[PDB]
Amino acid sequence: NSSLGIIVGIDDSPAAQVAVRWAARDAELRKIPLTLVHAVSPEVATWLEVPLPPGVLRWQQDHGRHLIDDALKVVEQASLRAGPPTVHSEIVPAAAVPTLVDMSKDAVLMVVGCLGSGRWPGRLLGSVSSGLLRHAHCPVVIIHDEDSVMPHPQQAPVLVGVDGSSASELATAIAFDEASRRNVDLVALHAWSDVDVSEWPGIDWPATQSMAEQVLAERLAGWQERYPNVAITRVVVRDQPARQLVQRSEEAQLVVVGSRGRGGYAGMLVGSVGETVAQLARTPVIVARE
């Protein structure tokens, strides 16, 4: 029903804080509810012959309430003026992924930090963001603890990766929708080849590039007509869409990609471009899920 509006998962981490800032702005901008969720699993998680103390389950509730507390304070600083219509807040006694995945059935956007409290130097995606990226029933927004969310009005355009797939169409819709609402420009990018064609002999790229830029323009005709107020900038590159998007994300305020594409295989939950852009991009990333 999408009545929950923009859900945002919360924990004790920088990413989650700046994730709230972003989720607040978008909920305000879109004029829809902003749900704040923090999950605490109350299941027995250790060997039964070694139980946990009773004073620990209550401590998590208090910790949780103290988090939501600060979160609600951040929702205020983030608002440009009005703030989102409804401002909803919850501490669910269940595991983070299962609860957030279930709640996404009634959400417009699902927003979480990319790394959480159990992070360390090596990792680049936590279990919550990862599971959400693979199972959510709505677009998932990944925020990094160095993303620029405070500045306004943000002039940086919206970058989107298109590849013709159905999952990519959804991503496009989101990209334009988000672009006009923010009143900024849109950069559509297509890598001719999904496969890395560095050593491929007898290509002749300059010839192929000119032909592609035309087909790109033809596919974006319906979208340009539907969104006359937003200025499209088409870019065709040879290959390596993930690495292309990640580098060009530095000159954009928001990157949008599908969760699937032309390639992949049976049983794949999230594509490698989707996953890689979400991990390495320098700005907020929206991974479109049906």
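Counting begins at 1, following the sequence as shown.
Enquirer: Would you tell me which stretch averages the higher CA B-factor in the PDB entry, 258 to 266 or 40 to 48?
Expert: Comparing 258 to 266 with 40 to 48, the higher mean C-alpha B-factor belongs to 40 to 48.
Enquirer: If you take the mean CA temperature factor per stretch, which one wins between 106 to 114 and 152 to 160?
Expert: Stretch with the greater average CA B-factor: 152 to 160.
Enquirer: Which is it among 166, 77, 127, 193: the one with the largest CA B-factor in the entry?
Expert: Within the set 166, 77, 127, 193, 77 shows the top C-alpha B-factor.
Enquirer: Between 224, 35, 249, 240, which carries the biggest CA temperature factor in the record?
Expert: Highest CA B-factor of the listed options: 224.
Enquirer: If you rank every modelled residue in this chain by C-alpha B factor, which third holds residue 88: lowest, middle or highest?
Expert: It falls in the bottom third of the chain.
Enquirer: Relative to the other modelled residues of the same chain, rank the CA B-factor of residue 181 and answer lowest, middle or highest third.
Expert: Tercile = middle for this residue's CA B-factor.
Enquirer: Among the chain's modelled residues, which third holds the C-alpha B-factor of residue 211?
Expert: For residue 211, whose C-alpha B-factor we compare with every modelled residue in the chain, the answer is the highest third.
Enquirer: Ranking the modelled residues of this chain by C-alpha B-factor as given in the entry, is residue 253 in the lowest, middle or highest third?
Expert: For residue 253, whose C-alpha B-factor we compare with every modelled residue in the chain, the answer is the middle third.
Enquirer: Sorting the chain's CA B-factors, does residue 135 end up in the lowest, middle or highest third?
Expert: As the PDB entry reports it, the C-alpha B-factor of residue 135 lands in the lowest third of its chain.
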